[PDB]
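This document contains two forms of one protein chain, each encoded as structure tokens and listed individually as structure 1 and structure 2.
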Structure 1
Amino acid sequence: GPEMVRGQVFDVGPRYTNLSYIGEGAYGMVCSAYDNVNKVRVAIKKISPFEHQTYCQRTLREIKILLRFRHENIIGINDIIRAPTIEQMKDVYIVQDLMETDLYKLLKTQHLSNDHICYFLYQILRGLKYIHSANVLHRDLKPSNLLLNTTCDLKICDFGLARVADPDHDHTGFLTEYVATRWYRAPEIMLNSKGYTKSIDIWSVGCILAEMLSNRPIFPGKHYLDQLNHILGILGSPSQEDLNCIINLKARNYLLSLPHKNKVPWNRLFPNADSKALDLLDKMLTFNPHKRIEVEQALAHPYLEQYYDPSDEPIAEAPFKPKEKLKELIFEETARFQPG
């Protein structure tokens, strides 16, 4: 019969054996397994999205993106397992390189040297350069989506919230609901942004850099608008110019209603940090998304000078441009991995 783990069919044999639980998500579970063809342990992500349109959409987007992308700092797909027919297919399993840990686990337990922070940040941005060069936004960058091997090589995972960039349709009203993880949300999400521009990811990287410096999330809000309280509590009140860029009256008037808040100096929050790291941090955690540093400028920043080499920071060859129909497309998209 099929192998099980945490009372849950893990139907991946005979190729993949000797399973141990790794982690989970909203509509599935990840295990490690032994690959009998390649003779190595691998990660296997079980996905069961077919009852929800939204989960089907996220599954399809993630599979399509990861199959197109090939980058050292981006998790790949080595294999996909599913039943031979639509009707026998209850689940999709994605086989990926097994990693030792993630940055979330590491930050709970380990002081990072400045050389580690520097190198981790370099790899994040190198992966993000490729992602953004493909006209794609990750939209949920956070420590638990950054995987590490035993020699600290880094891979970005979880493209379930990724979208093609759409900056001409980014505007929305004040307090519009948003799906991505709260602590890593850029201020404009809460004000007037759908999170359809590359600047949303730079903000999340800025939060990740801050968290590497102190082992604590920099903006740990407890609810939708508290997230913005935390941001402004450190950045201080927005400038007149930055306020004038927010044409939406509810968002503008909300900000104008708040008492003046002073900027907290980065070197007060992070008194042992490298001053170059804090200069890049400042640039990534800029309130105004138009003034926020872009990925290729971040890579070129003095903090990263030991690693910066644009000839070794590749870009994508081929950038990107109900529920029942979504299911057929997942069946189609996974066909190339089956026997026959």
Structure 2
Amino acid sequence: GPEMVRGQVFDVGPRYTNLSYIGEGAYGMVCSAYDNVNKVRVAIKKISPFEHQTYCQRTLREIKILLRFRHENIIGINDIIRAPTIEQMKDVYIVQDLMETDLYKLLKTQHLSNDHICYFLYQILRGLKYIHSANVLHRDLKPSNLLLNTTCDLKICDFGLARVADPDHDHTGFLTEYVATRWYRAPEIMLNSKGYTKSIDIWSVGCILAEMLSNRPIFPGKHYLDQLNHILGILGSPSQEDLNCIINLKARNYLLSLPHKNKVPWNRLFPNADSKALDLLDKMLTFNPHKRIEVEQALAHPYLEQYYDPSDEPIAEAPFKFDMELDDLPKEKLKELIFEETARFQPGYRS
């Protein structure tokens, strides 16, 4: 029904009231509201994607995945409010639990103790273990996608770029997909356009760990070649065999033309960090995806030994499946599927 706030309209309510602007997401404003059903404050994502096909893909993907996932380190969807008629629907409001902050903003104001870092990492990898067990790739793990309520309450969010894992799905379309925010993008994405393996999420987590240890991003490239420059500057010039799985024969070039850099020792870059953290970091930031540590091995690393508990780390009941590949569907078809997926939150949804 009613409502406004900062000039924009928020067709939330009567249920949701006492609004209060929060900030900006992708294609939408984001306030907090009071849920008059649940008698607590919640976050409401106002999304306007239907203009561009790509924005509708991401919006669709996030709904399908979050509605199927259930895990305490992964944000849920509590309520989806949209218009009654498909033609009259031009906004979508996604209602989710209200979180105090996210890792990105927290790292702007605080240096994290080893302890706190340790249990943040544990909660990231516990959530990641459920995601990968569902055969799903997040593909955009980074601090602003880690929502935080306390040192003991971390939730992964924003599954807009997620995919079902397809260790074979190749396409080598370097301009055809947006895979990971640049600073957190694994080398095999940039060198082989190989963005459908679980290794890419582990890389990102490694970038997030490095960032927790120093309050700055470890690889802040301006563009993708500068990104590779920052990686080789700490990892050192690659081997022949790491240069073996560089499928793009032209991608070779800017690397071969490089001045042999030495591997910077982790403890030199992070003199104050726990050596156990620095050893796990080493396993996560391996250039070659095939030697990089997997999520269950990361959880079992000695650095997480205080918390690792396979009996309290849920996995998915069944692999997740996109019943249709929506890579190339017109944005009017996607808007249809969105209208459908959000049907369960409308009066009279049968079945």
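Numbers given to residues start at 1 and step along the sequence of structure 1. Take the two forms, superpose them, and find the largest set of C-alpha atoms that agree within 1.5 Å; that set is the rigid core.
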Exercise. Pick from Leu232, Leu269, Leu175, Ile86: whose Cα moves by 2 Å or more between structures 1 and 2, rigid core superposed?
Worked result: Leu175
Problem set entry | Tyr104: Cα shift of 2 Å or greater between structures 1 and 2 (core-aligned) | no
Exercise. Any CA movement of 2 Å or more for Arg252 between structures 1 and 2, core superposed?
Worked result: yes
Exercise. With both forms fit on the core, is the shift of the CA atom of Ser113 between structures 1 and 2 2 Å or larger?
Worked result: no
For this session: Quick one: how many Å does the C-alpha of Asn18 shift between structures 1 and 2 once the rigid core is superposed?
Result: 1.3
Seminar exercise, completed: Between-form comparison on the rigid core puts the Cα shift of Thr151 between structures 1 and 2, in Å, at 4.8
